[PDB]
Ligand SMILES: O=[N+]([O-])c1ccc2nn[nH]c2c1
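One chain follows as structure tokens, the form deposited without the named molecule.
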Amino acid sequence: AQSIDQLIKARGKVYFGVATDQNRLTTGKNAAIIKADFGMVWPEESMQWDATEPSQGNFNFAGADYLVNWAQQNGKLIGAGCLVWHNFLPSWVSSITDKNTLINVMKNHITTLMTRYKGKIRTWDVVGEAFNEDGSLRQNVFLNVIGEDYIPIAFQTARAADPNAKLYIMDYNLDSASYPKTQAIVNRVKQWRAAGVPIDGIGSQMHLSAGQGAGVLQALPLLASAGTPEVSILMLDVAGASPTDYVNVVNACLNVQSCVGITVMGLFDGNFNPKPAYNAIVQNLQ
């Protein structure tokens, strides 16, 4: 009966969120569930580079506009992204080898997307999956052609394009304080923020095997130690939809003042009926 997003707001957090897209909002009972239980929606695909700028200069916003308008009309916060990362990246971008050209292309992409939705977007994932597992920077086209300054540039461009949005760097496999990747992103966000880079948040996307949720009790505090005003959580997957892993992640967020909420990607079975993880989360937040 009770809404998870309502319950998490009552514990002082901002949102319980879900990642969806136009195709699912128009099918059956998807819109109703989202209205009842979630306070934020994110486009799963409609805002990625190969969706929005499949050919340079030729932007496609049909699906993203649909999601944004639906969320606005139904009072849902909007997260969007990812602006800069190696996935969903057309080959016309990764074939570029000229530094100033790539700088201009990356700025045009950031500025066109954020300007279109200026003032409407709570969180922009500006840079995604920038780190290797060993803590070194991922050798995507931006790093190779621009260098490591592409991460500052991308964040300064976004801040200028829409100063109202919270700007996030996001990555996966940050679920343990013992991982080199978790420590490296903290150290580097610290350095970037000291040099004035407007990284408002770190988003931890979690591919959880059974038992890895406990790790977040110690990793989320470590991530919050980079000093961003916000951190957040995305549940990409949980092995066996294990209730205990879900509850530990929720409790990690409740323990970290700067954690604003949790998003799940797509807790419900094929007939849109709550699963045990659902009930466990509600009972924990109750």
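Residue numbers run from 1 along the displayed sequence.
The following text describes the form deposited with the named molecule bound, which does not appear among the structures shown.
- The shortest heavy atom separation between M235 and the named molecule in the entry with it bound is within 4.5 Å.
- Taking the partner from the other structure, the named molecule in the entry with it bound has a heavy atom within 4.5 Å of a heavy atom of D125.
- At least one heavy atom of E44 is located within 4.5 Å of the named molecule in the entry with it bound.
- In the entry with it bound, the named molecule sits within 4.5 Å of a heavy atom belonging to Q48.
- Stretch-level contact check against the named molecule in the entry with it bound with heavy atoms at 4.5 Å: of 214-222, 257-265, 238-246, 29-37, the positive one is 257-265.
- Put simply, of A184, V141, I121, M170 only one has a heavy atom within 4.5 Å of the named molecule in the entry with it bound, and it is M170.
- Interface residues of 1-27, taken as those with a heavy atom within 4.5 Å of the named molecule in the entry with it bound (partner not displayed), are limited to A19.
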